[PDB]
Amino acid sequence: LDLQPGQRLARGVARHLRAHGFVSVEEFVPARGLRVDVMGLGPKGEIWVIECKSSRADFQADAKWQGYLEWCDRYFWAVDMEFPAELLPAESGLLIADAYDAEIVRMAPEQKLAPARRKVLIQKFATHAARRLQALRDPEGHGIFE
């Protein structure tokens, strides 16, 4: 695997979400100026944001993480077993992950999204997923201006 450390965690997170009836995308943009490492979508439309921190420095750089809260029902960190997990915010959910799997060790508290916002984000997720899929199946089949 030539995946970067964050991509590795996200692979394991995605495997684990899928094993439990969720689906996911990577590098999702809920609003201008924000990007989340993994967005998970539950079978009833539950929205999870998972930030994959591959190092303490990676975590130090996500200082405005509380800004992700308004864009999800549940917010989680995902780190590997070498990460000092006790330093993460107590109120957050937590997964321990690697490139091959993940486990939730602390379930995030539920801060449900309003109906209109849930709609916008599901539409964005759909769009993200379907674009990336089409591009993998048909690499030449789009233009530079979209």
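Don't overthink the numbering: it's just position in the shown sequence, from 1.
- Just going by the entry, 34-42 versus 116-124 on mean CA temperature factor gives the higher value to 116-124.
- Taking the PDB entry as given, 105-113 carries the higher mean Cα B factor of the two stretches 22-30 and 105-113.
- Ranked by C-alpha B-factor against the other modelled residues of its chain, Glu51 falls in the lowest third.
- When the modelled residues of the chain are ordered by C-alpha B-factor, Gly93 sits in the middle third.
- In this PDB entry, the Cα temperature factor of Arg137 sits in the top third of its chain's modelled residues, the highest group.
- The PDB entry assigns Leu69 a C-alpha temperature factor belonging to the lowest third of its chain's modelled residues.
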